[PDB]
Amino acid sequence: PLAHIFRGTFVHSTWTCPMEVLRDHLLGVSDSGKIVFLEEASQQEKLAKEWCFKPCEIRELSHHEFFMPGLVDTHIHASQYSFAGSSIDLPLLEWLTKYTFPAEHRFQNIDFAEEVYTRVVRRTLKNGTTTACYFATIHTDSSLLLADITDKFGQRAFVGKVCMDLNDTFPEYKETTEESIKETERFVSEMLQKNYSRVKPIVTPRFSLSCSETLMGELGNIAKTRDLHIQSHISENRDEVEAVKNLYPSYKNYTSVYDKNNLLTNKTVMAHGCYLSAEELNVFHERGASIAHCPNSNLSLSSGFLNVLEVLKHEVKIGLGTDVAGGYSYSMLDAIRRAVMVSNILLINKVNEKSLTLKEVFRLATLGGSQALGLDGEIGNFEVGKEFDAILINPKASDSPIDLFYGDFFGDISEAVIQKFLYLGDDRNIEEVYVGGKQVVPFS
């Protein structure tokens, strides 16, 4: 029989509605993990007959609790979690030399890898991140452990062994071209041998500055021949953009550097995208490539602003990311709030005529990012057929950061309680986390 039947309010997004609130509904989850039905509780009779369950098998949620889809982190450096909440005081390129490269260099030690990676998987899960797209480090074996660790905890993920054969400011932390290609192939081969249910390898050129043309082309080939996803960074910072102009002056723009070396495909996510032009956004659209909007990082490192309205105008797929540790928060709730705020910055400065609503950003954090990752057919909202990736919100949880009032339920501020959670909530309101139907939080 069914693994779960839930009764209560369900808050999710569709392609035509940024936030649909489905009150007093019944959702059934199969033994395999799929949403098997979702209907008004009025159908409890017809559904108990169909699906052969007794009413005492229904779990009824508290009247002030709601389920929402698990949050989808489309860009996060697992290997930088050690110093997250720290060190956001140099712009990207100097930041990388001083903090990031020495940090990821520690991962040659596999026992150090185990500590940091165990903490970020658990930390991100307890904050409702059910799917993470991870940058690991250049070390295949330590990166393989990250995959093993996400499997062990039941997080859905892409794990990416980072490829870098150029590193002038910290030459200790790099590979040769040959080594980088051979180790990517070993990483992918050993990942696929594990046959994990929901952790996949992702082809991870660090970015143009770190990768020769040979490296980039070959990584594009591994992606194509093996039919794999690609992640990298693009156009985050102005000095980065100039530094690519001067390292790669034969290419019209940053997007072209990747495009012509076969690293801009329809399974490609690119972090940041702040200085992509309209023409570059057209090519993303044409290639089917996605952007991870990382607004905390973009403010914290003084990089810039992604104009998300324009990305949507161009019909480029887009999710939200945390980008730990350039963005200091591990929480996709922070990513949501920061995304709202950055859309407000562009309104204040008269770049756009409107800002983004909280519900639209909620949709980016869940359904949008599921699409940025090509996983929108299995996750991102509550559609029959989909995996049950879900977080249970109780805004009146023990020690809750939220104060609820009678007016939040009976006054004139529409979905006041959902808003209070999205703006003020933390992991204390996230009572239960589900991935693929199984309860992964609380931890055993």
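We number the residues from 1 along the sequence you see.
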Residue stretch of maximal mean CA temperature factor, 292 to 300 vs 138 to 146: 138 to 146
Segment of higher mean CA temperature factor, 309 to 317 or 184 to 192: 184 to 192
Highest-ranked of 371, 127, 167, 355 once sorted by CA temperature factor in the record: 167
Residue with maximal Cα B-factor (values as given in the PDB entry) among 72, 335, 341, 92: 92
Cα B factor band for residue 24 (lowest, middle or highest third within the chain): highest
Third of chain Cα B-factors occupied by residue 227: highest
Chain third (lowest, middle, highest) by recorded CA B-factor, residue given as residue 347: lowest
Chain thirds of CA B-factor: placement of residue 283: middle
Record-listed C-alpha B factor of residue 327: chain third: lowest
